[PDB]
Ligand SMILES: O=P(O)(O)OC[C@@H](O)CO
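Here we start with a single chain on its own, the form solved without the named molecule, put down as structure tokens.
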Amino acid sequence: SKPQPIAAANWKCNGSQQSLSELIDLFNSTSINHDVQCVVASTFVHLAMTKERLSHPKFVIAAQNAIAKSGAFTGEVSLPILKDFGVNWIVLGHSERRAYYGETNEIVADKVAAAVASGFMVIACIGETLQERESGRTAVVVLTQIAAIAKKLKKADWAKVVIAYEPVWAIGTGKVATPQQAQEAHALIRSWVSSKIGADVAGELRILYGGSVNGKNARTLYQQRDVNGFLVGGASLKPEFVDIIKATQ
């Protein structure tokens, strides 16, 4: 099966003009032989330079967050502005936003619906914490997270959605996630989609692993039947990202 995989770089709140230009030079000189969607999500400030310097056709740029409408919201950026600016991809509901910025399942769901409605390709993040994992609550939590989003879309909307599974429980907790655990979580997600939305949708849906990925463990990870790529953190700001992209063949 395997739908087209995605290798998304989440630069988070980082980068210098010098540092990012160098990485982008690296990326533009990289030979990519397979069918893969590479995505670079830089901070808002760097969207301009990225759009101008990244010429590799296998790459697309995306934003790391947004609000649904323009208006009196000092400091924020809305979908319309992004769209006007030529951005067609966006990452929403990232664990960091859910944890530090008050984004609940419902707000995340509203942002996604708005994004899809506006023509964006969306990378919607989901994942359970240590506590929820240890109490055997993974299925309940993740499925609830996904149901929220689903509640707002039409079957056809799924074509623009990408699900990113973040093992929040394994991030900064001292716990290590295994490729098997990742696969288990992805399968649970896909099964749900198949049963609640449709097998056609489920068969085409890309589900990315958003845990700790590096050049060393990426291939092992992509090998699993339900892993369709990665939403990478730290490694994405390094040349090693190329290795990660290569691991999706």
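Throughout, we count residues from 1 along the sequence that is shown. Heads up, when I say rigid core I mean the largest set of C-alphas that superpose within 1.5 Å between the two forms.
The PDB entry reports B-factors from which the mean C-alpha value can be compared for 124-132 and 110-118; the larger average falls on 110-118. 227-235 and 21-29 differ in mean CA B-factor, and the higher of the two is recorded for 21-29. For the set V77, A170, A156, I163, the PDB entry assigns the largest Cα B-factor to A156. Of the candidates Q145, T138, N88, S95, the one whose C-alpha carries the top B factor in the deposited record is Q145. In this PDB entry, the Cα temperature factor of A150 sits in the top third of its chain's modelled residues, the highest group. When the CA B factors of the chain's modelled residues are split into thirds, the value for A99 lands in the highest one. When the modelled residues of the chain are ordered by C-alpha B-factor, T220 sits in the highest third. Remark: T43 belongs to the lowest third of its chain, ranked by C-alpha B-factor as recorded. Placement of the Cα temperature factor of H34 within the chain: middle third of the modelled residues, per the deposited record.
One more form of this protein exists, namely the form solved in complex with the named molecule; it is left out here, but the text below deals with it.
For this chain, the superposed copy of the named molecule, brought over from its placement in the bound PDB entry, stays clear of the backbone and C-beta atoms by more than 2.4 Å at every atom, so the pocket is open. When the named molecule is considered in the bound PDB entry, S194 lies well away from it, no heavy atom lying within 4.5 Å. When contacts are judged by a 4.5 Å heavy atom cut-off, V40 does not count as touching the named molecule in the bound PDB entry. In the bound PDB entry, the named molecule sits within 4.5 Å of a heavy atom of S212.
The closest non-hydrogen atom of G136 lies beyond 4.5 Å of the named molecule in the bound PDB entry. You can rule out all but one of 154-162, 137-145, 112-120, 89-97: in the bound PDB entry, only 89-97 has residues with a heavy atom within 4.5 Å of the named molecule. Taking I107, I171, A150, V77 one by one, only a single residue has any non-hydrogen atom within 4.5 Å of the named molecule in the bound PDB entry, and it is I171. Shown here without the named molecule, the chain has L231, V232, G233, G234 in 218-243 lying with a heavy atom within 4.5 Å of that partner in the bound PDB entry. When the two forms are superposed on their rigid core between this form and the one not shown, the C-alpha shift of 2 Å or more among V176, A99, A156, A147 belongs solely to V176. Distance between the C-alpha atoms of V176 and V213: shorter by at least 3 Å in the bound PDB entry than in the displayed form.
Cα-Cα spacing of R137 to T173 is enlarged in the bound PDB entry versus the present form (difference of at least 3 Å).
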